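Encoded as C-alpha coordinates, the following chain is the form deposited in one PDB entry, with no partner shown.
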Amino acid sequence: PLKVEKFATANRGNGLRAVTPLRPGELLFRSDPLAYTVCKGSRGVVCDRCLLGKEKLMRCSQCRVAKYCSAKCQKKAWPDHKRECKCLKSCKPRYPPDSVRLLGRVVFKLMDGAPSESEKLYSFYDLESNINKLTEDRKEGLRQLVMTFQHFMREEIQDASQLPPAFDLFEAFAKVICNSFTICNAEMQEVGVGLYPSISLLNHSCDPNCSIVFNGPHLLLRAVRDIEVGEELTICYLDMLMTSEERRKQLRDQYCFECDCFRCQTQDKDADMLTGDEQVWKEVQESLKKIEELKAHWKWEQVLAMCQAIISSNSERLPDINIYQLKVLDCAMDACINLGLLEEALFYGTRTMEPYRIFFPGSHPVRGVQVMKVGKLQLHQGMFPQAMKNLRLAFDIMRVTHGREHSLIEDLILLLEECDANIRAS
(Lines give C-alpha, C1' and ligand atoms only; values in the text may rest on other atoms or scores of the structure.)
Protein backbone atom coordinates (compact mmCIF):
# COMPACT_ATOMS: atom_id res chain seq x y z
CA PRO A 1 0.00 0.00 0.00
CA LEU A 2 0.87 3.67 0.44
CA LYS A 3 2.12 5.63 3.44
CA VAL A 4 -0.64 8.26 3.24
CA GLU A 5 -4.41 8.25 3.01
CA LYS A 6 -7.23 10.63 2.25
CA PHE A 7 -9.33 11.66 5.23
CA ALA A 8 -11.98 14.22 6.14
CA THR A 9 -10.42 16.91 8.31
CA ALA A 10 -12.31 18.77 11.02
CA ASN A 11 -12.36 22.20 9.37
CA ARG A 12 -10.40 22.17 6.09
CA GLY A 13 -12.32 19.70 3.96
CA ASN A 14 -10.44 16.65 2.79
CA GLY A 15 -6.77 16.13 3.48
CA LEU A 16 -3.89 13.67 3.53
CA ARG A 17 -2.56 12.03 6.68
CA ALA A 18 0.24 9.60 7.43
CA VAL A 19 -0.84 5.99 7.95
CA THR A 20 2.51 5.30 9.67
CA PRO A 21 5.29 7.52 11.06
CA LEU A 22 7.16 9.28 8.28
CA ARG A 23 10.70 10.41 8.43
CA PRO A 24 12.53 13.30 6.77
CA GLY A 25 13.20 12.55 3.11
CA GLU A 26 10.67 9.73 2.82
CA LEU A 27 9.10 9.62 -0.63
CA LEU A 28 5.33 9.71 -0.08
CA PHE A 29 3.85 10.01 -3.56
CA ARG A 30 4.97 10.73 -7.09
CA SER A 31 2.73 11.83 -9.92
CA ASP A 32 2.70 12.91 -13.50
CA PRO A 33 0.14 15.65 -14.18
CA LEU A 34 -3.43 15.00 -15.13
CA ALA A 35 -2.79 17.98 -17.40
CA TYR A 36 -0.08 20.61 -17.59
CA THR A 37 1.09 23.36 -19.89
CA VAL A 38 4.06 25.68 -20.24
CA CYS A 39 3.50 28.99 -18.50
CA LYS A 40 2.90 32.09 -20.56
CA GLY A 41 6.35 33.65 -20.11
CA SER A 42 8.23 30.41 -20.80
CA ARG A 43 6.27 29.57 -23.94
CA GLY A 44 8.66 29.45 -26.86
CA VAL A 45 11.58 29.37 -24.41
CA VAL A 46 11.25 25.85 -22.99
CA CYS A 47 10.10 22.60 -24.61
CA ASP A 48 6.36 22.10 -24.22
CA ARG A 49 6.87 18.52 -23.02
CA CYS A 50 10.01 18.34 -20.85
CA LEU A 51 9.98 22.05 -19.88
CA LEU A 52 13.75 22.31 -20.39
CA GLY A 53 15.13 25.51 -21.84
CA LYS A 54 16.98 24.55 -25.01
CA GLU A 55 18.87 26.91 -27.28
CA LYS A 56 17.19 25.13 -30.25
CA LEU A 57 13.43 24.50 -30.18
CA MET A 58 11.21 23.42 -33.07
CA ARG A 59 7.65 24.66 -33.26
CA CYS A 60 4.72 22.42 -34.12
CA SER A 61 4.13 22.63 -37.85
CA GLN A 62 0.38 23.04 -37.53
CA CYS A 63 -0.20 25.53 -34.72
CA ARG A 64 3.33 26.98 -34.46
CA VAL A 65 2.50 27.60 -30.78
CA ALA A 66 3.86 24.45 -29.16
CA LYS A 67 7.65 24.14 -29.35
CA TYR A 68 9.74 21.04 -28.73
CA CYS A 69 13.38 20.22 -28.06
CA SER A 70 13.27 16.99 -30.05
CA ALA A 71 11.26 14.55 -32.10
CA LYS A 72 11.04 12.43 -28.94
CA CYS A 73 9.33 15.24 -27.04
CA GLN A 74 6.80 16.17 -29.71
CA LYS A 75 5.81 12.51 -30.13
CA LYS A 76 5.44 11.82 -26.39
CA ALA A 77 3.47 15.10 -26.23
CA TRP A 78 1.25 14.55 -29.27
CA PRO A 79 -1.54 12.77 -27.33
CA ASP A 80 -1.88 15.76 -24.99
CA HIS A 81 -1.40 18.31 -27.81
CA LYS A 82 -3.24 16.92 -30.84
CA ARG A 83 -6.62 18.48 -30.05
CA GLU A 84 -5.49 21.80 -28.56
CA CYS A 85 -3.26 22.22 -31.63
CA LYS A 86 -6.30 22.79 -33.83
CA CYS A 87 -7.66 25.26 -31.27
CA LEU A 88 -4.41 27.22 -30.88
CA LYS A 89 -4.28 27.30 -34.69
CA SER A 90 -7.82 28.57 -35.26
CA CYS A 91 -7.14 31.41 -32.80
CA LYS A 92 -3.63 32.02 -34.16
CA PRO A 93 -3.13 35.70 -33.24
CA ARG A 94 -4.61 35.26 -29.77
CA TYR A 95 -3.07 33.00 -27.14
CA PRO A 96 -5.36 31.93 -24.28
CA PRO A 97 -4.64 32.37 -20.57
CA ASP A 98 -2.63 29.55 -19.04
CA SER A 99 -5.69 28.46 -17.05
CA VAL A 100 -7.70 28.10 -20.26
CA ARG A 101 -5.04 26.12 -22.07
CA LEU A 102 -4.67 23.98 -18.93
CA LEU A 103 -8.40 23.28 -18.66
CA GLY A 104 -8.48 22.38 -22.35
CA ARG A 105 -5.91 19.67 -21.67
CA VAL A 106 -7.96 18.52 -18.68
CA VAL A 107 -11.05 18.17 -20.85
CA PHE A 108 -9.23 16.31 -23.62
CA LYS A 109 -7.48 14.07 -21.07
CA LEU A 110 -10.80 13.20 -19.43
CA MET A 111 -12.65 12.72 -22.72
CA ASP A 112 -9.99 10.87 -24.74
CA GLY A 113 -7.48 9.50 -22.25
CA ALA A 114 -7.40 6.37 -20.15
CA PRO A 115 -7.95 6.89 -16.42
CA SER A 116 -5.02 8.93 -15.13
CA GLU A 117 -2.86 7.59 -12.32
CA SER A 118 -2.65 11.21 -11.15
CA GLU A 119 -6.23 10.70 -9.90
CA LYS A 120 -5.46 7.61 -7.82
CA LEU A 121 -6.36 9.22 -4.50
CA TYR A 122 -8.56 12.12 -5.60
CA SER A 123 -9.91 13.16 -9.01
CA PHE A 124 -10.52 16.42 -10.83
CA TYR A 125 -14.21 15.76 -10.16
CA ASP A 126 -13.40 15.65 -6.43
CA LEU A 127 -11.38 18.88 -6.23
CA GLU A 128 -12.45 21.74 -3.99
CA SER A 129 -14.08 24.64 -5.82
CA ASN A 130 -14.81 27.00 -2.88
CA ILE A 131 -17.63 28.40 -5.01
CA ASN A 132 -19.68 29.44 -1.98
CA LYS A 133 -16.71 31.50 -0.74
CA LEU A 134 -15.89 33.25 -4.02
CA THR A 135 -16.43 36.98 -4.21
CA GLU A 136 -18.63 38.35 -6.98
CA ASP A 137 -15.38 39.85 -8.31
CA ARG A 138 -13.83 36.39 -8.56
CA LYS A 139 -17.03 34.89 -9.98
CA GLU A 140 -17.00 37.53 -12.73
CA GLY A 141 -13.44 36.56 -13.56
CA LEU A 142 -14.47 32.91 -13.78
CA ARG A 143 -17.38 33.78 -16.08
CA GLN A 144 -14.91 35.46 -18.44
CA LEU A 145 -12.67 32.40 -18.34
CA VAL A 146 -15.66 30.25 -19.26
CA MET A 147 -16.36 32.34 -22.36
CA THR A 148 -12.66 32.39 -23.19
CA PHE A 149 -12.62 28.59 -23.00
CA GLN A 150 -15.69 28.42 -25.21
CA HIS A 151 -14.03 30.66 -27.79
CA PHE A 152 -10.62 28.95 -27.71
CA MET A 153 -12.08 25.42 -27.87
CA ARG A 154 -14.89 26.08 -30.38
CA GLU A 155 -13.09 24.07 -33.07
CA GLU A 156 -12.98 20.92 -30.90
CA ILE A 157 -15.81 21.39 -28.37
CA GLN A 158 -19.09 22.92 -29.53
CA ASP A 159 -21.44 21.61 -26.83
CA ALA A 160 -21.78 19.47 -23.73
CA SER A 161 -21.69 16.08 -25.44
CA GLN A 162 -18.00 16.91 -26.04
CA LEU A 163 -17.44 17.60 -22.33
CA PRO A 164 -17.39 15.02 -19.51
CA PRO A 165 -20.81 14.18 -18.05
CA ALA A 166 -22.35 17.16 -16.23
CA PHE A 167 -18.98 18.91 -16.57
CA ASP A 168 -19.44 22.54 -15.52
CA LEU A 169 -16.86 24.96 -16.92
CA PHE A 170 -17.46 27.56 -14.21
CA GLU A 171 -16.84 25.04 -11.45
CA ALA A 172 -13.92 23.61 -13.44
CA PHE A 173 -12.19 26.98 -13.49
CA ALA A 174 -12.98 27.47 -9.80
CA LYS A 175 -11.14 24.20 -9.12
CA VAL A 176 -8.22 25.39 -11.25
CA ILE A 177 -7.82 28.56 -9.16
CA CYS A 178 -7.20 26.73 -5.88
CA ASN A 179 -5.65 23.46 -7.13
CA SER A 180 -3.11 24.64 -9.72
CA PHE A 181 0.50 23.59 -9.17
CA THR A 182 3.37 25.81 -10.29
CA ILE A 183 5.81 23.53 -12.10
CA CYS A 184 9.41 24.63 -11.52
CA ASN A 185 12.50 23.61 -13.47
CA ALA A 186 15.64 22.23 -11.84
CA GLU A 187 16.80 25.81 -11.20
CA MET A 188 13.50 26.50 -9.37
CA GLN A 189 12.20 28.91 -12.04
CA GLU A 190 8.48 28.80 -12.80
CA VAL A 191 8.03 27.16 -16.21
CA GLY A 192 4.58 25.55 -16.20
CA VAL A 193 1.27 24.94 -14.49
CA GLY A 194 -0.23 21.54 -13.82
CA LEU A 195 -3.03 19.70 -12.07
CA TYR A 196 -2.09 16.77 -9.82
CA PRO A 197 -5.44 15.90 -8.21
CA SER A 198 -4.10 13.33 -5.74
CA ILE A 199 -1.52 15.84 -4.54
CA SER A 200 -4.28 18.47 -4.27
CA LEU A 201 -5.44 16.62 -1.17
CA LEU A 202 -2.60 18.34 0.70
CA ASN A 203 -3.75 21.28 2.78
CA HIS A 204 -1.58 24.31 3.33
CA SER A 205 0.68 25.28 6.18
CA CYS A 206 3.17 28.12 6.41
CA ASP A 207 5.28 25.62 8.43
CA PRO A 208 4.68 22.44 6.42
CA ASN A 209 5.83 18.90 7.14
CA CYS A 210 6.10 17.89 3.47
CA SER A 211 7.44 19.42 0.29
CA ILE A 212 6.83 18.91 -3.40
CA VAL A 213 9.59 19.14 -5.99
CA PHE A 214 9.38 18.89 -9.76
CA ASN A 215 11.61 16.84 -12.09
CA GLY A 216 10.21 18.11 -15.36
CA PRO A 217 6.42 17.75 -15.17
CA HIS A 218 6.90 14.85 -12.74
CA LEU A 219 6.10 15.71 -9.11
CA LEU A 220 7.71 14.17 -6.03
CA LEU A 221 6.01 14.44 -2.62
CA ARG A 222 8.46 14.06 0.27
CA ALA A 223 8.31 14.41 4.03
CA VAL A 224 10.64 17.17 5.21
CA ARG A 225 10.07 16.70 8.96
CA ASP A 226 9.29 13.78 11.24
CA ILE A 227 5.57 13.00 10.96
CA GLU A 228 3.53 10.92 13.41
CA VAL A 229 0.88 8.32 12.66
CA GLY A 230 -2.37 10.05 11.73
CA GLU A 231 -0.72 13.47 11.47
CA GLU A 232 -2.06 15.57 8.63
CA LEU A 233 0.35 16.13 5.75
CA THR A 234 0.80 19.74 4.67
CA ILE A 235 2.76 21.66 2.05
CA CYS A 236 3.29 25.39 1.77
CA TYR A 237 1.30 26.75 -1.15
CA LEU A 238 3.26 29.99 -1.13
CA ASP A 239 6.67 31.54 -1.63
CA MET A 240 8.51 31.67 1.68
CA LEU A 241 9.66 35.29 1.17
CA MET A 242 6.28 36.68 2.16
CA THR A 243 5.06 38.46 5.28
CA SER A 244 2.05 37.15 7.18
CA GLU A 245 -0.03 39.98 5.72
CA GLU A 246 0.97 39.00 2.17
CA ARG A 247 0.25 35.33 2.84
CA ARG A 248 -3.14 36.34 4.26
CA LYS A 249 -4.16 38.17 1.10
CA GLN A 250 -3.13 35.39 -1.29
CA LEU A 251 -4.59 32.59 0.82
CA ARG A 252 -7.82 34.60 0.92
CA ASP A 253 -7.87 35.68 -2.72
CA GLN A 254 -6.79 32.39 -4.28
CA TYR A 255 -7.66 29.70 -1.73
CA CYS A 256 -10.54 31.20 0.27
CA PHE A 257 -9.25 30.39 3.74
CA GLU A 258 -7.93 32.26 6.75
CA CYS A 259 -4.66 30.68 7.81
CA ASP A 260 -4.56 29.80 11.51
CA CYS A 261 -1.07 28.29 11.58
CA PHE A 262 1.26 29.23 14.43
CA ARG A 263 3.43 31.37 12.13
CA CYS A 264 0.56 33.63 11.07
CA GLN A 265 -0.68 33.97 14.66
CA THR A 266 2.79 35.11 15.79
CA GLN A 267 3.80 37.14 12.70
CA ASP A 268 6.85 34.86 12.69
CA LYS A 269 9.74 36.58 10.83
CA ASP A 270 7.63 39.54 9.62
CA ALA A 271 9.75 42.14 11.41
CA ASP A 272 13.09 40.86 10.12
CA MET A 273 11.64 40.49 6.60
CA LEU A 274 10.83 44.22 6.54
CA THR A 275 14.00 45.72 8.00
CA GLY A 276 15.34 48.84 6.37
CA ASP A 277 13.70 52.13 5.47
CA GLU A 278 10.10 51.49 4.44
CA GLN A 279 10.13 54.03 1.60
CA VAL A 280 13.04 52.20 0.02
CA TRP A 281 11.58 48.70 0.11
CA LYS A 282 8.19 49.98 -1.03
CA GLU A 283 9.98 51.26 -4.15
CA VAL A 284 11.91 47.98 -4.51
CA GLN A 285 8.69 46.01 -4.01
CA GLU A 286 7.14 48.08 -6.79
CA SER A 287 10.17 47.61 -9.04
CA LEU A 288 10.04 43.86 -8.39
CA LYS A 289 6.72 43.66 -10.22
CA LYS A 290 8.51 44.43 -13.47
CA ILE A 291 11.73 42.56 -12.64
CA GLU A 292 9.80 39.34 -12.01
CA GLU A 293 7.76 39.93 -15.19
CA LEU A 294 11.04 40.24 -17.08
CA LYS A 295 12.43 37.13 -15.40
CA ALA A 296 9.28 35.20 -16.29
CA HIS A 297 10.04 36.02 -19.94
CA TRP A 298 13.74 35.10 -19.53
CA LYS A 299 14.80 38.68 -20.33
CA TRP A 300 17.97 38.36 -18.29
CA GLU A 301 19.82 41.43 -19.55
CA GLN A 302 16.91 43.66 -18.57
CA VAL A 303 16.44 41.83 -15.26
CA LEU A 304 20.08 42.46 -14.37
CA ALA A 305 19.94 46.15 -15.30
CA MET A 306 16.95 46.79 -13.04
CA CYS A 307 18.48 44.72 -10.23
CA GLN A 308 21.84 46.56 -10.44
CA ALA A 309 20.00 49.89 -10.24
CA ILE A 310 18.73 48.68 -6.84
CA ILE A 311 21.63 46.65 -5.44
CA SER A 312 24.13 49.38 -6.33
CA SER A 313 21.76 52.34 -6.10
CA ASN A 314 23.06 55.86 -5.52
CA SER A 315 20.19 56.23 -3.02
CA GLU A 316 19.41 54.52 0.28
CA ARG A 317 19.93 50.78 0.35
CA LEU A 318 18.29 47.82 2.07
CA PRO A 319 19.71 45.01 4.20
CA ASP A 320 19.94 41.67 2.44
CA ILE A 321 17.53 40.10 4.94
CA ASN A 322 14.79 42.43 3.65
CA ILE A 323 12.74 40.05 1.53
CA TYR A 324 12.39 42.49 -1.37
CA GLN A 325 16.12 43.20 -1.41
CA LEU A 326 16.59 39.41 -1.16
CA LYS A 327 14.37 38.82 -4.17
CA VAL A 328 16.34 41.40 -6.15
CA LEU A 329 19.61 39.72 -5.24
CA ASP A 330 18.28 36.32 -6.31
CA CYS A 331 16.93 37.62 -9.62
CA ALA A 332 20.28 39.29 -10.29
CA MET A 333 22.18 36.11 -9.42
CA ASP A 334 20.05 34.09 -11.82
CA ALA A 335 20.46 36.68 -14.59
CA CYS A 336 24.22 36.75 -14.09
CA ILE A 337 24.36 32.93 -14.23
CA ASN A 338 22.49 32.94 -17.54
CA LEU A 339 24.58 35.81 -18.91
CA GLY A 340 27.83 34.10 -17.93
CA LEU A 341 28.71 36.72 -15.31
CA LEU A 342 29.87 34.24 -12.70
CA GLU A 343 31.91 36.52 -10.43
CA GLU A 344 28.93 38.88 -10.08
CA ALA A 345 26.55 35.92 -9.83
CA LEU A 346 28.57 34.59 -6.91
CA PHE A 347 28.68 37.99 -5.22
CA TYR A 348 24.88 38.16 -5.22
CA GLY A 349 24.48 34.46 -4.46
CA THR A 350 26.71 34.49 -1.40
CA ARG A 351 24.78 37.48 -0.08
CA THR A 352 21.54 35.46 -0.18
CA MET A 353 23.00 32.55 1.80
CA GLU A 354 22.39 33.75 5.36
CA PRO A 355 18.95 35.23 4.58
CA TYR A 356 17.97 31.96 2.92
CA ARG A 357 19.12 30.03 5.99
CA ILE A 358 16.75 32.14 8.08
CA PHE A 359 13.76 32.25 5.75
CA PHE A 360 13.88 28.65 4.45
CA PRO A 361 14.14 26.78 7.76
CA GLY A 362 14.73 23.07 7.92
CA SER A 363 14.82 21.32 4.56
CA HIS A 364 13.38 23.40 1.73
CA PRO A 365 14.12 22.60 -1.94
CA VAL A 366 14.49 26.29 -2.81
CA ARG A 367 17.33 26.72 -0.31
CA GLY A 368 18.86 23.42 -1.37
CA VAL A 369 19.02 24.59 -4.97
CA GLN A 370 20.24 28.08 -4.02
CA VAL A 371 23.11 26.60 -2.01
CA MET A 372 23.88 24.24 -4.89
CA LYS A 373 24.02 27.16 -7.29
CA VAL A 374 26.47 28.98 -5.00
CA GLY A 375 28.54 25.84 -4.52
CA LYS A 376 28.61 25.34 -8.29
CA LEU A 377 29.76 28.92 -8.92
CA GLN A 378 32.51 28.50 -6.33
CA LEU A 379 33.63 25.18 -7.82
CA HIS A 380 33.87 26.72 -11.30
CA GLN A 381 35.98 29.54 -9.85
CA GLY A 382 38.38 27.17 -8.09
CA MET A 383 37.13 27.84 -4.55
CA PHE A 384 37.16 24.17 -3.67
CA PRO A 385 36.95 24.24 0.16
CA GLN A 386 34.11 26.77 0.02
CA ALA A 387 32.40 24.93 -2.84
CA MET A 388 32.67 21.63 -0.98
CA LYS A 389 31.05 23.10 2.14
CA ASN A 390 28.09 24.48 0.18
CA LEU A 391 27.80 21.39 -2.02
CA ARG A 392 27.70 19.24 1.11
CA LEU A 393 25.07 21.59 2.55
CA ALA A 394 23.05 21.41 -0.66
CA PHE A 395 23.24 17.63 -0.43
CA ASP A 396 22.22 17.66 3.24
CA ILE A 397 19.08 19.57 2.22
CA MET A 398 18.37 17.93 -1.11
CA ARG A 399 18.73 14.32 0.04
CA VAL A 400 15.58 15.24 1.98
CA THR A 401 13.78 17.57 -0.43
CA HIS A 402 14.80 15.97 -3.76
CA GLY A 403 15.99 12.43 -3.06
CA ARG A 404 17.49 9.76 -5.29
CA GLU A 405 14.35 9.84 -7.45
CA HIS A 406 15.26 13.38 -8.61
CA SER A 407 17.83 13.73 -11.38
CA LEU A 408 19.44 16.78 -9.79
CA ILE A 409 20.75 14.61 -6.94
CA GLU A 410 22.84 12.66 -9.45
CA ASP A 411 24.17 15.96 -10.82
CA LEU A 412 24.97 17.16 -7.28
CA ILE A 413 26.73 13.90 -6.36
CA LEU A 414 28.88 14.36 -9.47
CA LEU A 415 29.77 17.88 -8.34
CA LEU A 416 30.60 16.55 -4.87
CA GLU A 417 32.88 13.89 -6.36
CA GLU A 418 34.58 16.41 -8.64
CA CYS A 419 35.11 18.98 -5.87
CA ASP A 420 36.39 16.29 -3.49
CA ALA A 421 38.85 15.08 -6.13
CA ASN A 422 40.24 18.61 -6.42
CA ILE A 423 40.61 18.86 -2.64
CA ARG A 424 42.30 15.46 -2.48
CA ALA A 425 44.75 16.46 -5.21
CA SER A 426 46.65 18.74 -2.79
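Rigid core here is just the name for the largest C-alpha set that superposes within 1.5 Å across the two forms. Residues carry their position along the shown sequence, with the first being 1.
The same protein also has a form deposited in another entry, omitted here; what follows describes it.
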{"property": "Of 218, 317, 297, 204, the one whose Cα moves 2 Å or more between this form and the one not shown after core superposition", "result": "317"}
{"property": "Core-aligned CA displacement of residue 395 at least 2 Å between this form and the one not shown", "result": "no"}
{"property": "Core fit, then residue 404 C-alpha moves 2 Å or more between this form and the one not shown", "result": "yes"}
{"property": "Exceeds or equals 2 Å, Cα of residue 272 between this form and the one not shown, core fit", "result": "no"}
{"property": "CA-CA separation of residue 314 and residue 281, closer or farther in the other entry than in the form shown [shift of 3 angstroms or more]", "result": "closer"}
{"property": "Cα separation of residue 113 and residue 39 in the other entry versus here, shift of 3 Å or more", "result": "farther"}
